[PDB]
Amino acid sequence: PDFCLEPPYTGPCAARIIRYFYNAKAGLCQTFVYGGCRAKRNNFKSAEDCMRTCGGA
Amino acid sequence: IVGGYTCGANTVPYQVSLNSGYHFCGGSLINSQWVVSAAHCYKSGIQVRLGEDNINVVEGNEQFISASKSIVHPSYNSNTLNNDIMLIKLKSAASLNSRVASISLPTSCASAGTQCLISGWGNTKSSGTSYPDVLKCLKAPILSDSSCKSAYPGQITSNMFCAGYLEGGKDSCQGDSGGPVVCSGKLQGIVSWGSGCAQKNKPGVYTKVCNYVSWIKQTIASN
Ligand SMILES: [Ca+2]
């Protein structure tokens, strides 16, 4: 299983931190709200990092 | 904050916003140079915003002060969430006034059933997303450790407590982390984690500040 294909994971913590995830249905890295802990791998600090790791998944 | 109310401008003068180009966490001012927040709110380049009500507009009471140190508890565990506390030093001292004021640390821990005030600029919806302009407030009780452990088996450490309503509808939510839980004028909790927001049987979990008072005072004095 490709972690780039997993839906974005906010997790249990209560921050509102903007991260990027690869959205395979759109073919784009997109923003989402990360709560600050227990990140899964489809969670990047920049669009460039997301594109490098997941572009084309 | 889900199920709360508009606090009113500058009625919670110890509440700060942590900003990284946008609001991402809260915090509590404990003296003119130091803020308490959550360890999972750590970022480089934090700007602390004091005196805020509407976080999207400049209204006249604000002070914007960079963090000069953002010190995560040395035993913070990013998997169990134990020791979820951070101290932020302000690069210059805040000017204290009626709208920017410190909150006292506890002298003892609070008991189950104590009513507290929880505040923040986090999401106000339990299903969906709405972020407020102005600061929101919630009155909620501390819950027993037994009930907190029953809600979250295997997950509650001695440095955590639950607060809220088991029927659902009232809770902290994303964007509230790091902010205050104040009980009888003392900072007893830091917004930390939960399971969704305001769901039945899933109360919020808060860092138990009374366990950290010695560490807070010594760390501040050593930095
Ligand atoms: Ca403002």
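Please note: Cβ atoms are built from the backbone with ideal geometry, for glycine as well, and neighbour counts cover all protein chains shown. What follows draws every value from the coordinates through simple rules; no lab data is involved.
Please enumerate the residues belonging to segment A:1-38 that are more than 9 Å from chain B (Cβ to nearest Cβ) and part of a loop (DSSP other than H, G, I, E, B).
A:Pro1, A:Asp2, A:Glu6, A:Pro7, A:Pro8, A:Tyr9, A:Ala24, A:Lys25, A:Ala26, A:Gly27
With (1) in a loop (DSSP other than H, G, I, E, B); (2) within 14 Å of chain A (Cβ to nearest Cβ) as the list, and B:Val58 as the residue in question, which single condition is left unmet?
If we test B:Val58 against (1) in a loop (DSSP other than H, G, I, E, B); (2) within 14 Å of chain A (Cβ to nearest Cβ), just (2) comes out false.
For segment B:68-97, which residues satisfy the criterion of being part of a strand (DSSP E or B) and away from the ligand (no atom under 16 Å from the Cβ)?
Those that are part of a strand (DSSP E or B) and away from the ligand (no atom under 16 Å from the Cβ): B:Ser68, B:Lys69, B:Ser70, B:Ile71, B:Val72, B:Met86, B:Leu87, B:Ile88, B:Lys89, B:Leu90.
Only one residue in B:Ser146, B:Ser130 is more than 13 Å from every other protein chain (Cβ to nearest Cβ) and surrounded by fewer than 15 Cβ atoms within 10 Å (Cβ to Cβ). Which one?
B:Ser146
Of B:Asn79, B:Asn10, B:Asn83, which residue is surrounded by 18 or more Cβ atoms within 10 Å (Cβ to Cβ) and either free of Cβ contacts under 8 Å to residues at least 24 places away in the same chain or within 13 Å of chain A (Cβ to nearest Cβ) (or both)?
After ruling out the rest, the residue left standing is B:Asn83.
With the condition kept exactly as written, say whether any residue in segment B:105-123 is of a type in the set (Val, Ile, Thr) and more than 14 Å from chain A (Cβ to nearest Cβ).
Yes, the conditions are met somewhere in segment B:105-123.
Test B:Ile65 against the stated conditions and say whether it is β-branched (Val, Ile, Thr), within 14 Å of chain A (Cβ to nearest Cβ) and within 16 Å of the ligand (Cβ to nearest atom).
Taking the combined requirement at face value, the residue does not satisfy it.
Report, by residue number, each residue of segment B:19-61 that is within 14 Å of the ligand (Cβ to nearest atom) and either among the β-branched types (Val, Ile, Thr) or in contact with a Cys (Cβ under 6 Å, 6 or more places away or on another chain) (or both).
Answer for segment B:19-61, where residues must be within 14 Å of the ligand (Cβ to nearest atom) and either among the β-branched types (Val, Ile, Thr) or in contact with a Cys (Cβ under 6 Å, 6 or more places away or on another chain) (or both): B:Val48, B:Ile55, B:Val57, B:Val58.
Would you call B:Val100 hydrophobic (A, V, I, L, M, F, W, C) and under 17 Å from the mean Cα position of the chain (by Cα)?
yes
Quick one: would you say B:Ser126 is without any contact (Cβ under 8 Å) to a residue 60 or more places away in the chain and either more than 16 Å from the ligand (Cβ to nearest atom) or not in a loop (DSSP other than H, G, I, E, B) (or both)?
No; evaluated as a whole, the condition is false for this residue.
Look at B:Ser28 and say whether it is within 14 Å of chain A (Cβ to nearest Cβ), crowded, with 24+ Cβ neighbours inside 10 Å, among the hydroxyl-bearing types (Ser, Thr, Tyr) and assigned to a strand (DSSP E or B).
When the stated conditions are applied, B:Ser28 does not pass them.
Can you report the number of residues in segment A:28-45 which are closer than 16 Å to B:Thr129 by Cβ and surrounded by fewer than 22 Cβ atoms within 10 Å (Cβ to Cβ)?
Counting residues in segment A:28-45 that are closer than 16 Å to B:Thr129 by Cβ and surrounded by fewer than 22 Cβ atoms within 10 Å (Cβ to Cβ) gives 4.
Just to check your reading of the model, which residue among B:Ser172, B:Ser214, B:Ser184 is closer than 20 Å to B:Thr114 by Cβ and more than 14 Å from chain A (Cβ to nearest Cβ)?
Among B:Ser172, B:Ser214, B:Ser184, only B:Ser184 is closer than 20 Å to B:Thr114 by Cβ and more than 14 Å from chain A (Cβ to nearest Cβ).
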